[PDB]
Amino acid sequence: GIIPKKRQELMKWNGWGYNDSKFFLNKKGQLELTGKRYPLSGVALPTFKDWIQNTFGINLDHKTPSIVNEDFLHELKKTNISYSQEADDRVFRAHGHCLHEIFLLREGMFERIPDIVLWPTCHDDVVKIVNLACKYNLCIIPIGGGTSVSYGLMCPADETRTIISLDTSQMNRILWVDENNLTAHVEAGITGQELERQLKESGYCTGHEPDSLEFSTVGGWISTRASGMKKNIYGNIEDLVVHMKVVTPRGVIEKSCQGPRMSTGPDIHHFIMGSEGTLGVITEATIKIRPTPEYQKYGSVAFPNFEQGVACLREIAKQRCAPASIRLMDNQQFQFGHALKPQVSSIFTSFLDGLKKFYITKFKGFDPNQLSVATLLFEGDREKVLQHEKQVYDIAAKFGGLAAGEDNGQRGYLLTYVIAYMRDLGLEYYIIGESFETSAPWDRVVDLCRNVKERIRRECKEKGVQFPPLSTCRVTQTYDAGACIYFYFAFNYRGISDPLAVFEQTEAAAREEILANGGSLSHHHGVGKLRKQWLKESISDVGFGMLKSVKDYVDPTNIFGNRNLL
């Protein structure tokens, strides 16, 4: 679970995830995932090829130096801090996981990359590096897991200083577990996977489960205001983090006491949370923990349509009895999920006809090209969980909801960690895309989803895309005041002059549409360098200027020079 220093040894140098895990055609011409990492790994998906071909109209056969100061260098040796000027170590840490970046990793090259990589192993190391960076006028860009989807890691082209990629992966210990107060103090480089694993050996968990938890780190979560799948029980990162230590050019930031709630002026933890590497390195953090849940239970519910589903989720929110996780997928995602089942279709009956017949006895009177499905996960004490399950199934019944089986439920949940591997699959077959998200008030969700989807159609048609894009959404989180809506956008770029440009423009147009329908700039992805142009409008000129005042104070010479946010 520890990220090794030469990452490409275990991880794909040119896309998401582990080397051992990729989609391939098996000996029977069926898509399948290699390796044994996931429960879907090594499982034939016989209907997946057909769903891809139907959805995108492709056949699926035809395919696609280090400038550094010597005095600094000499001083860095005294430290014993491990470092590297190797091109592959630098290029690996020159990007996150936005589409354009993955393309420059593949057929091309980055304009700017880190000049050198350092691997601090403790808070004190980080202090020395930041001291050295003051002394030699270095730029620093921290990296944890490298999972940013906001251009949060890209080196600005015109940065002339020596860029240090300050890799926190080796700074990864649980320093203490306080069982009395239910907190764990950890180093910021620990990955979510490794954090839960170790805590579990003591009987504990954080329950903070973002989809990137295999590689995303405690310090990255804090930096980007990360959200996890089980936020309803455990909180998002701002509810979970109770203390932190941050190294800035101006000094260390750390509160004295760990009183559970304070009134001592504006809460400085929130100046840092969401700071996106522009202020310093978060080195250690104290995070709330919980007894590992005794029992988990999956479920799923089908509704006549998306609108009915949304209203049910709204009512669940209203009664404040959301489960650990509830997600409502639109019809396309329901069909996609059907397209991963193991039943082998006759080549003479369409996708849609097997679907209709499959759900004819099961979902009566439901239109199969209109229906939507909520997946559900419950956890806690068995007796509590089962009580709560009945409560939730009884509310959903009032919106036309029909219980669709724990199997759909469990399936949706496992699939979450494998979806990110589909980009690479898509890329080999001229299919590009990206996920994006917003949060919106309850009263805007249905119109927002509908208009955002239709904006994507219109803009793809107008730019020359030959087939109507995949354009699907789901509701991933509920709150009192609204919801997180999460979208996928994908298309075949065959015929297109400049496919990245077209993706670019269409993703911007979507964001315009989102905001115009009362949605937020971001729910959890952050701003990075992707959404800077809307920031001022979203937080106000004065709010923007207050962010700048904190930045100019703690980092006056702009050492933490990723240029995210401002």
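In this text, residue numbers run from 1 along the sequence as written. Think of the rigid core as the biggest set of C-alphas that the two forms share within 1.5 Å after superposition.
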item	value
Divergent stretch in 6 other deposited structures of this protein, 377 to 385 or 212 to 220 [C-alpha RMS, superposed by the core]	377 to 385
Between stretches 40 to 48 and 516 to 524, more displaced by Cα RMS in 6 other deposited structures of this protein (rigid core superposition)	40 to 48
At least a third of the other entries leave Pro342 unmodelled	yes
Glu70 not built in a third or more of the other entries	no
Interresidue gap class [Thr64, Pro65; deposited sequence, unmodelled]	10 or more
5 to 13 versus 19 to 27 - which carries the larger mean C-alpha B factor in the record	5 to 13
Residue stretch of maximal mean CA temperature factor, 285 to 293 vs 402 to 410	402 to 410
Residue, from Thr375, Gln466, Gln391, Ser435, that the PDB entry assigns the highest Cα B-factor	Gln466
Of the residues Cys139, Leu195, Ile395, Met244, the one carrying the largest Cα B-factor as recorded	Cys139
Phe487 - which third its CA temperature factor falls in, relative to the rest of the chain	lowest
Third of the chain's Cα B-factor distribution that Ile514 belongs to, per the entry	middle
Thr121 - which third its CA temperature factor falls in, relative to the rest of the chain	highest
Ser538 by Cα B-factor - lowest, middle or highest third of the modelled chain	middle
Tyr204 CA temperature factor, ranked by third within the chain	lowest
